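J.: Sending over a structure as structure tokens; questions will come in a sec.
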Amino acid sequence: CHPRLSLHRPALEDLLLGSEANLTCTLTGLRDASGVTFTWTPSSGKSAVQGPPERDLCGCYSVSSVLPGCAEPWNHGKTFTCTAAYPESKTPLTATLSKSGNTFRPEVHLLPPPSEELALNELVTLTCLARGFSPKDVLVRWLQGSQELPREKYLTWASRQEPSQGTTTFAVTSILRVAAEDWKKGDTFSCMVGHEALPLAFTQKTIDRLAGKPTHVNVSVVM
Amino acid sequence: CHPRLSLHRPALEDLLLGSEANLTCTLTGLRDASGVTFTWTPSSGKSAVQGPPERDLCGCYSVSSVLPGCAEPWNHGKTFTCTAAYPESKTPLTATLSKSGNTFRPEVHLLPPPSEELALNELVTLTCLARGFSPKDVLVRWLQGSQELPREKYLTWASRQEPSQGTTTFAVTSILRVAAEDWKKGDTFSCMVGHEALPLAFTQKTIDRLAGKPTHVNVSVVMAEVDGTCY
Amino acid sequence: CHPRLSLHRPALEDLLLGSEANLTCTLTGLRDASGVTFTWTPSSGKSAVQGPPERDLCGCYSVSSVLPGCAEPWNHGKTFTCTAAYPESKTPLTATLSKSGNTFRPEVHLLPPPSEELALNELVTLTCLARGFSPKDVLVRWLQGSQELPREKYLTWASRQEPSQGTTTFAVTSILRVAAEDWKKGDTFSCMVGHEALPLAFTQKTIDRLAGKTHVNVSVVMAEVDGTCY
Amino acid sequence: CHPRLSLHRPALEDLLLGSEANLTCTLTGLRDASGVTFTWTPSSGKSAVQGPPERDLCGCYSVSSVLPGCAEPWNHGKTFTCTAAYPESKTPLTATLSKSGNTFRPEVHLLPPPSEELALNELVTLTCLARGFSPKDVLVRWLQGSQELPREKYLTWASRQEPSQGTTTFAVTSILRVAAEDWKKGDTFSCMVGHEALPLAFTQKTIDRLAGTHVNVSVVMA
Amino acid sequence: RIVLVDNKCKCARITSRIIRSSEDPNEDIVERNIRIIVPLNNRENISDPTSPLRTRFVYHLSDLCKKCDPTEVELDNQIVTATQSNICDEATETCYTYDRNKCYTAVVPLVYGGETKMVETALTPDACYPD
Amino acid sequence: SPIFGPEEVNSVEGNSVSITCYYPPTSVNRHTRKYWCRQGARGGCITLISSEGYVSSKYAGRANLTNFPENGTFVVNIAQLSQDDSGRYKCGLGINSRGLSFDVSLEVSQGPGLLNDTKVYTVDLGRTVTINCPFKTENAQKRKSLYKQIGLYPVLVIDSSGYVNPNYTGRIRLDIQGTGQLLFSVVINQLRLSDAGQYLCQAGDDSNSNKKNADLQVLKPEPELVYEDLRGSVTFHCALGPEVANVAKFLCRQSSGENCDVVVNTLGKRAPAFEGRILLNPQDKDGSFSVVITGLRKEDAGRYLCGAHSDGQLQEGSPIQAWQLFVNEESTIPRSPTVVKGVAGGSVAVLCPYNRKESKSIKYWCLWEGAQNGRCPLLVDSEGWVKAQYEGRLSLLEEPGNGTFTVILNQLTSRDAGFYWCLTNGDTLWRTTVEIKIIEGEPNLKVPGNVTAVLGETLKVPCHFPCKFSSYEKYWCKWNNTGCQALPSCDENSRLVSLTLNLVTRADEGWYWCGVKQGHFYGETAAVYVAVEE
Amino acid sequence: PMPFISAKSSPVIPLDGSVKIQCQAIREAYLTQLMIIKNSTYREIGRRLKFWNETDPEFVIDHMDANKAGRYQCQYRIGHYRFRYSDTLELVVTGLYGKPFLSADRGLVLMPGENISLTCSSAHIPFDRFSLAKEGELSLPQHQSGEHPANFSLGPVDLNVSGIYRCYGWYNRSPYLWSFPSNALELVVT
Amino acid sequence: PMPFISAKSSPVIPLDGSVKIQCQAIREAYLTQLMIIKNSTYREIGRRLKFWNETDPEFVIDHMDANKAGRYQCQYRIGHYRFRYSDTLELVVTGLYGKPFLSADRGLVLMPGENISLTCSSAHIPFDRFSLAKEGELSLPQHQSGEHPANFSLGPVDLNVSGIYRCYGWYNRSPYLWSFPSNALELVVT
Ligand SMILES: *[C@@H]1O[C@H](CO)[C@@H](O[C@@H]2O[C@H](CO)[C@@H](O)[C@H](O)[C@H]2NC(C)=O)[C@H](O)[C@H]1NC(C)=O
Ligand SMILES: *[C@@H]1O[C@H](CO)[C@@H](O[C@@H]2O[C@H](CO)[C@@H](O)[C@H](O)[C@H]2NC(C)=O)[C@H](O)[C@H]1NC(C)=O
Ligand SMILES: *[C@@H]1O[C@H](CO)[C@@H](O)[C@H](O)[C@H]1NC(C)=O
Ligand SMILES: *[C@@H]1O[C@H](CO)[C@@H](O)[C@H](O)[C@H]1NC(C)=O
């Protein structure tokens, strides 16, 4: 149908866990031959080969270009503009590529389980809240003790923008439900949140039973 | 693209606050024209809202119709049979939906502000976690004392199904930020969660600095050898 | 001898357990025969029966009259007057009464068997004491667990007026002999005391092999103390 | 009326506490014959005396004869035979009485007050139960410390036959309500049961506070 | 001292108070007092024959503070009735002390004449008077 | 806690005393044993008399405890008091060791006697007193003076030459009446609390010196105990003497610092807290007016000193009348809503509660009005009288009929807000105050405006409602002076509940309503007028 | 042989007085009566009913009168039939006749090795006999004369013999009825 | 200069065995990977996501075989793109060829000042090289020879030389494939 051009960015998972940081500058909708020509303003000499020539929904041909030989070594903040071409009218299609600043480091809090779920002595729901990061990109992983739990061992909502004054910020939450016996034994659970703004690309918060030291419970018995 | 018909359950916000149980039946992928017709089995509201032939991406044509209704038929388990007879089809198609069964009630949890957030004394987060409710939909509203806050002061996430611990259940979060002075003063903040499965179709949980983690507790145990009534 | 007439109140067993309690008026000191006529203040279905005469002390005709269906009026407080007219008389005898006022509630008590009876380990004596009620009418029963003990396995005394430390009050005591093996096994023994003034016309006190103690120890947990009470 | 002769044993109170114990032979139903002869075959010891007539059942000239000084022969175990006559028939009226054997000592138990009475800070009830004595007779009395209490300050029930299967035994109960101040002061309260089967003839049992409690409580607080 | 709960049937009184300080506004004091009256003369169940005494008393702070009574809340233009807790399922709770203001009877068999009667007694006599 | 009685009782030796202690009339309390103990040095009540037939040996024959359930109180009449009875007794209910008592400090003092050389004089605070003192006949025209023996030395307070002490300025007068009188009177007006003590007379400095010692004591008022419930009402029948029938009456409220905090004066003053819930009825011939204070709360319990002064503030020399209010807080009064938001042009329906014993009485709905000392006129009564201004737009239905009645008020405007009261003819009167706040918004029930019909013409008038109201029953209730009644019989769908009038006659013209009810409880309503023309 | 009986007050007693008399506790005795001696007959005057093992029974008599004065004996009751008695004491009435006159031939400061005699006599009283009582004695005095010039010799006096001495008249027909105390003599021995 | 990589088990792991490897944890690393060097490239076999402060990254390998044997190294991710490497370790497999023969010319009880030489060789195996491995060593042996009569000289032995010794064959074409253990000798030094 209607041709269009879109430039994406590597998912934060690849950036923070691997070397598959392959940008993409693709086109949706194509009803002509393979008269495609891609140019990237950087001239680092890496490989910018065309990806898999396939189609998209509604009988549309989509051509995708990736960067396999480049892991995005653009820490200096390069523009990285991509321009496409077609045998259509004399008006080449170019993409917009820029690095948004005003990055805000996430603030991550780990909330102890609700007391009502502690009483029933079946399970406890540890919640992780990541609030106050400007880019809407973050990934939350969980650990029980020292072993990272599988991706089916918790739940995570999207990243939504939170009401504020002037500045724009997002937030996300996750819940890990663990058997009450594990919590009462003393096993230490942990929430890792990965965001770009952090210098170390991951923030850790640890929670375990008997986390409240300053409490001063007093027990007295009369006759 | 492809002519497909679908039905949507009534919006909860218009079902709990009030009784307007207005449905929605959407047909997407009109072949060439907008010559569509609609029909509900309970043809009481003969003036059904025939939505305009709106456009969509990739040359897609959609005609979404809204049937005005009330909570009475919906909560009583009525059957809806929205159809469509677009010319490109030699046989009309039908869609069906109704109130969902096997619904578990949410376990609302209002959690006080975290320990380290109160030290900054700038803003405190109050989290209202529903959990365990089987239907996807839920309403979260927030109150400061007795006056409900406007929906622009708190952030509420969607209802994403939680990992299967036997049966399928959902859970939603909703943070509300408060001036630390309001918390340390002693005001009470309430979270109202409205879900279909609940008895009254509404529940609330109220927390203030007194109903949170206390820094000191003095527990005294008294024995009553004579008689247990404890006047 | 000199003729006498008196109205006898219904037995407390029929009052607290029986739906209908009759009220009787008894006469004595007849001369030669019994041609008496009995009349009462109410007449709502008073199908009273004269009945046969009897023999009094040293020989004398004596007949008594019973009015059934005197339960609801008794609760209400109606005045019951029995009037007797024998042929050898000119002014019929009268006797009036009504439900007693100024009632009090018994203070039932159970007492564990004395330690000196557990040593012999053959039979233990349980005591029930219903004390401090104005109308002398009281009922005492015993139970083993939830099953009633036979009426011949316990001794219950008569209701006596205790010394006046206020209004006149009445006391009753009862004892029960129960097996030492049964006492130590873990069975519980109850005493049920019935009265007019009692709230539901009955009450009960239960005792077991631990009651009255010793060195019994108990545990309390208090699971979560810093637990967002709401 | 109907003539009737009977003989009643001496009371336990005067026998054990009083100086001289009577022995009443009663004849009723005569309604006449004021010159009724009362004589005893054991014509020894003291001299039997007569008694004035009284009204019995409104038509009987009840006549009673009493023999002071019967404590010593009663303790010895003599058999007494009362004799009388009436002008109706040609036969006299004879009755016999003697002290019965098979006597079992009481098992005196002084129970403590219930715990539901000390809260009200009113009179607290001390119960005394005597069990397992054969003869129906028994004395029950109370002492607060070392002094007896007048018989109007306490209540003693009658002696009743305790339903049993082995042998015939009688039990009696008493209650004394002492001011909660007296009970909590530490004073000692005792019940004396007097009987003839007892070699000492009187067994006393005492109770007070601090007789015969300690509870241990475990706390967890997670 | 703002009272948080007075659970009569379990007999726990939880009160709370705030003690402030005009210096270093981080050492604020929140004091909560829980007073518990533990009977030593009450059966496990409220019945005559049952576990001659109760030796184990468990007090979960999440069940003392439950409020199973709906309230009214005005959201935008309307009032709506709303519950206030999850764990108040229909009652079956087993609490220890007696309720001073509520009846507690029992039923006992007995023999009268030529019949048997299931009499109703009064385990708390003061509070049971038909008025 | 809930037990209330005289916090301190006074009496004299050998004089009977009566202590009334109030408790909630709950069925448990009325049948619970009532005791009257006397805490000592052992930290335990030693019950001295109980309602279970127990009278101590010491209190035997000189005391009796009588419990009235209907009032909800019990009285402890104690005769032949003695100084040894001075102590802190405790009222209460049930077991002594619990905390259902009310400490009562009863104190007694020995009376005078054998003292013929000293006079006595007791009068109510702020009243007028007079003392007559003679002088010897030998003194024809000689100095007469009054001496005040204050501590170590005496001082002159008044002389025969016109000297007046600064402490007795303008309120002390010496009188020498004619008719050949040789006796002088000292009259003091507006007695204070600083004049108690011994005075002496003197007639010159000569040898005669006809002195006579006298004593002056001032008696404070005795608080008349009032035991009311939370959110109930209290009434103060201030009936001061006629001599102050033209003075400015005030109703103080004592505090910790012994400082007045006037609740309601007679000079158009009123504390902000008590706004819109306190009346001040006009005084009668003798000065007997009633001050009604409704909407009782936790902090509305204290000592009320209703009296008179020129300016209306408590000051020395003012006759007063004390009180003592106790708010139960174990109230049986339903906690009905205290604030009602109405939508201009819409309506309300306020459920006013009463006591179920007076279901046969007649009810009143009163628009509170300030702008004065306080007032509260009726608007609608149950017998069938409706104010002239509120015609067609007010009704008072006895539909709940189980301790509550509805008041329906539609066509709300901006002038219809404010406090309102509900009244009945019964003895157990709660004046529940409900405030109507007016909020701008679209009424739920659409009115359609007021219509006119031609003579003998069928008229159809529908009113629209939301389908949130579809569950509720729908009615019209043509309005009448005695009370509107639902018309006999009407909505095809979720909206448009209609009324049809087959014929139009002069009797049909008037006001009609359309509204909803939840079986027996009423709700929003709207009103229309039907006129007839030819 | 027999359990003793003692009086806790001085035997000398004026009209309207009171005295406490103590018996000896017997372990098996379930009753302890204080009896009377009159014409060889017994009349109950006191009764303590208790098994005495910790403290001796006491009997208090008030409103002392002529009839009450006499011989007192304590009678127990062992078992159902056994009777037992105790010693017998005497209590007398004083103050119904004129007070006799007492005098000392010495200076009342007699040395511990000297001899002092007390002379008691009256001129307007026919007193048959005289009795010399000493203060502090808990039993009847052992000094009594028969002649009108009643002479009482003390012989080798000692520290214990020191005390207050008085004289009382005595009639043969009325052993338990004495006269008013005489002039007390403070016989101090040093 | 680089983090150390230790093996919790002996580097001579038999076929179908197991081994645990611990790398020197650095707190500033949020991801640690185990890389096996093969054909001059990396290959991830174990990943640990955590900020280690108390323990260290412990990886487990089970069913030791030729494919899994070779050079191992821990690669740490520091920051967004920084990489910190460590020292290398070697893992070998034993049990692919026959057991050689090892002997000593002394009595195995040589004094601390004596010299002992160990001869390892095979007759029916073309083994190119031989390696002398001491039992209990956590690092690969440093004693190896190239000729058929593999000679191992110890010189001035001491107490530290005491232990159990064995010999393993070594093919130049199979760097990390070792043969079955040879006869064990206890070279106790006292
Ligand atoms: C539910 O959907 C129906 C669709 O018709 C809505 O009904 C319309 O509401 C508007 C609101 O002003 C009216 O103007 C229209 O006349 C209504 N339609 C009809 C056919 O009457 C209804 O409002 C929706 N409910 C909610 C709560 O938004
Ligand atoms: C309703 O119709 C009546 C017809 O008489 C109009 O009359 C007035 O109604 C108001 C009610 O708000 C009364 O206060 C006036 O007293 C009425 N007028 C007279 C002369 O009595 C009324 O205006 C109509 N309502 C409207 C137009 O809203
Ligand atoms: C009352 O009398 C009737 C008639 O004799 C009898 O049937 C009934 O059992 C009696 N009820 C009593 C005595 O309670
Ligand atoms: C006989 O009986 C009377 C009266 O019961 C009693 O006073 C008396 O002591 C008894 N004994 C003698 C010997 O009179």
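All residue numbers given for chain E refer to Swiss-Prot; the residues shown span 27-116, 119-159 in order.
Using the three backbone atoms N, Cα and C, a Cβ is placed for every residue, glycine included.
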J.: Going by the disulfide annotation in Swiss-Prot, which one of E:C91, E:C114 is bonded to E:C94?
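T.: That record, Swiss-Prot, gives the partner as E:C114.
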J.: Identify which of E:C123, E:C131 is listed by Swiss-Prot as the disulfide partner of E:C156.
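T.: In Swiss-Prot, E:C156 forms its recorded disulfide with E:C131.
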J.: Look at the disulfide annotations in Swiss-Prot and name the partner of E:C123 from this list: E:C35, E:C37.
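T.: Within the candidate set E:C35, E:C37, Swiss-Prot assigns the bond with E:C123 to E:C35.
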J.: With every protein chain in view, how many other Cβ atoms are within 10 Å of the Cβ of E:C156 (disulfide bond)?
T.: 21
J.: Around the Cβ of E:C131 (disulfide bond), how many other Cβ atoms lie within 10 Å? Please give the count over every shown protein chain.
T.: 18
J.: Checking E:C35, E:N71, E:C114, E:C123, E:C156 - which of these recorded positions have a CB within less than 8 A of a chain C CB?
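T.: Sorted by position along the sequence, the hits are E:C156.
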J.: At the unmodelled stretch of 2 residues, I want the CA-CA distance from E:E116 to E:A119, to the nearest Å.
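T.: Between the Cα atoms flanking the 2-residue gap there are 5 Å.
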J.: I need the CA-to-CA distance for E:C131 (disulfide bond) versus E:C35 (disulfide bond), whole Å please.
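T.: Here the two Cα atoms lie 12 Å apart.
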J.: Could you check what DSSP calls E:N71 (N-linked glycosylation site) once collapsed to helix, strand or coil?
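T.: Reduced to three states, the DSSP call for E:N71 (N-linked glycosylation site) is coil.
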J.: Say you check the Cα of E:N71 (N-linked glycosylation site) against those of the disulfide-bonded residues E:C35, E:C94, E:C123, E:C156; which is nearest?
T.: E:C123
J.: By a simple count of other Cβ atoms within 10 Å, which of E:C114, E:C123, the disulfide-bonded residues in the record, is least packed?
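T.: It is E:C114 that, of the disulfide-bonded residues E:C114, E:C123, has the fewest other Cβ atoms within 10 Å.
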J.: What number of additional C-beta atoms lies within 10 angstroms of the C-beta atom of E:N71 (N-linked glycosylation site)?
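T.: That number is 11.
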J.: According to DSSP, which kind of secondary structure is E:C114 (disulfide bond) found in, if we only use helix, strand and coil?
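T.: Its secondary structure by DSSP: coil.
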J.: Distance between E:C35 (disulfide bond) and E:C94 (disulfide bond) at the Cα atoms, whole Å?
T.: 14
J.: Determine the Cβ neighbour count for E:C35 (disulfide bond): the number of other Cβ atoms within 10 Å of its Cβ.
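T.: E:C35 (disulfide bond): 16 neighbouring Cβ atoms within 10 Å.
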J.: What is the number of other Cβ atoms found within 10 Å of the Cβ of E:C94 (disulfide bond)?
T.: 14
J.: Please report how many Å separate the Cα atom of E:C94 (disulfide bond) from that of E:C123 (disulfide bond), as a whole number.
T.: 16
J.: For E:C156 (disulfide bond) and E:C123 (disulfide bond), what Cα-Cα distance in Å is obtained after rounding to a whole number?
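T.: Between the Cα atoms of E:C156 (disulfide bond) and E:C123 (disulfide bond), the distance comes to 20 Å.
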J.: Rounded to a whole angstrom, what is the C-alpha distance between E:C114 (disulfide bond) and E:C123 (disulfide bond)?
T.: 14
